[PDB]
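Asker: these chains are from a complex, not moved at all, and more is on the way:
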Amino acid sequence: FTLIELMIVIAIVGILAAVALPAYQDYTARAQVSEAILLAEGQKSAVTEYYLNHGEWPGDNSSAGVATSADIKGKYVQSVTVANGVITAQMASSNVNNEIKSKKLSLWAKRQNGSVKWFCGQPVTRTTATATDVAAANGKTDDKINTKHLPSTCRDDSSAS
């Protein structure tokens, strides 16, 4: 070999040392959102029992049978709220991933003739306690978890039935 080969080797070493990386932040965000999904999954029993025994969905945590929203918190979750049978969990505002800072995800259920189906995805809202339909959460806010930061199973539209 000669000096040109050594210079090319050094250049290739620099190229390898200055390479780019894929987006691992999305995977970390999914891992963190899994905790919120698990936390929100625990309030299903009380809501279902209230609906079965009273004929209408609970309107708040007070008569759902659960604690306050600010008390249901984890390492990455700051609040979980129940409104008209819809469970919404919010992320923390600091010491978390940048992409999922202060964003919300929702869980809701629809009654069938022989079963009760549960859905998970972007935030939704139910107007009346006796309604069977849901719509988008709000048109004047940006607190929505992006599709890329959710599992493939937890991606449902408000029109799903």
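Answerer: That came in fine, so what should we check first? Numbering: from 1, shown residues only, chains lettered A, B, ... in the order given.
Asker: how about the closest residue to residue A:116 other than its chain neighbours, phi and psi?
Answerer: In space, and not counting its chain neighbours, residue A:116 is closest to residue A:109: 5.6 Å by C-beta to C-beta, 6 or more residues apart in numbering. Using the backbone N, CA and C atoms, a C-beta is placed for each residue, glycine as well. Note on residue A:109: its backbone torsions stand at phi -130, psi 150 [degrees, to the nearest 10].
Asker: next, count neighbours for residue A:109.
Answerer: Around residue A:109 sit 18 other residues, with neighbours defined as other C-beta atoms under 10 Å.
Asker: and it, bridged to which residues?
Answerer: Counting by DSSP bridges, residue A:109 forms beta bridges with residue A:118.
Asker: spatially central residue for chain A, please.
Answerer: Against the mean C-alpha coordinate of chain A, by C-alpha atoms, centre = their mean, the closest residue is residue A:105 at 3.5 Å.
Asker: which residues touch that one?
Answerer: Listed by C-beta atoms under 8 Å, 6 or more residues apart in numbering, the contact set of residue A:105 reads A:33, A:36-37, A:40, A:88-89, A:120-123, A:145, A:150, A:154.
Asker: can you put the residues you listed in a markdown table and add distance to residue A:101?
Answerer: Shown next, in a markdown table, are the contacts of residue A:105 (distance: C-beta to C-beta, whole Å):
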| residue | distance to residue A:101 |
| --- | --- |
| A:33 | 12 |
| A:36 | 13 |
| A:37 | 17 |
| A:40 | 18 |
| A:88 | 16 |
| A:89 | 14 |
| A:120 | 21 |
| A:121 | 19 |
| A:122 | 17 |
| A:123 | 16 |
| A:145 | 11 |
| A:150 | 15 |
| A:154 | 19 |
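Asker: throw chain B on there as well:
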Amino acid sequence: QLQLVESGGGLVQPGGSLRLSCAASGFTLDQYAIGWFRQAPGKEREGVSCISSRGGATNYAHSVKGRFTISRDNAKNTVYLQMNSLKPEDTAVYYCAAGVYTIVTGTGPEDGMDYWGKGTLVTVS
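Answerer: Adding chain B to the chains above:
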């Protein structure tokens, strides 16, 4: 039949306070949810606040959150709405309705109410 009468309207300077009251005569309001609605001049009617039958569930609108407070009394069939830090944009006609519990930030808030009131006029200078 059931009739709703509102009271407490008037004129209040900006930065002041006002209290409303929606009450019924001859009937008991214990199995119904009381909600407040506001209609601006030349604008469609919207929702402000709503309270549950047993006074444990409350929800307010985005613009009025933090400044309005809703309370319910069961010994006397009356519902109170406290207004604080008034603004010129809050001048409108206020209504009170009874029916099923509703979220004031959803599509068609009026679909769950079966009783209505005449309404009162509130003006902010």
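Asker: same question on the neighbour count of residue A:109, but with chain B included?
Answerer: By other C-beta atoms under 10 Å in any protein chain shown, 18 other residues sit near residue A:109.
Asker: excluding chain neighbours, what is closest to residue B:33?
Answerer: Nearest residue to residue B:33 in three dimensions, chain neighbours excluded: residue B:101, at 4.2 Å (C-beta to C-beta, 6 or more residues apart in numbering or on different chains).
Asker: my guess is that neighbour meets residue A:57, correct?
Answerer: No. The pair residue B:101 / residue A:57 is not scored as a contact, 9.1 Å apart, by C-beta atoms under 8 Å.
Asker: what is in contact with those two at once?
Answerer: By C-beta atoms under 8 Å, 6 or more residues apart in numbering or on different chains, residue B:101 and residue A:57 have these common neighbours: A:84, A:129.
Asker: rewinding a little: quick check, the residue nearest to the centre of chain A in a strand?
Answerer: Yes. Under the criterion used here (DSSP: H, G, I helix; E, B strand; the rest coil), residue A:105 sits inside a strand.
Asker: contact residues of chain B facing chain A?
Answerer: Residues of chain B lying near chain A by C-beta under 8 Å from any C-beta of the partner chain: B:52, B:54, B:56-59, B:62, B:100-103, B:105-109, B:111-112.
Asker: one more time with 6 Å
Answerer: Selection of chain B residues close to chain A by C-beta under 6 Å from any C-beta of the partner chain yields B:52, B:56-57, B:100-103, B:106-107, B:112.
Asker: which residues are in contact with residue B:22?
Answerer: B:4, B:6, B:79, B:96 (C-beta atoms under 6 Å, 6 or more residues apart in numbering or on different chains).
Asker: now the buried members of these.
Answerer: Buried subset of the contacts of residue B:22 (neighbour count, 16 or more other C-beta atoms under 10 Å in any protein chain shown): B:4, B:6, B:79, B:96.
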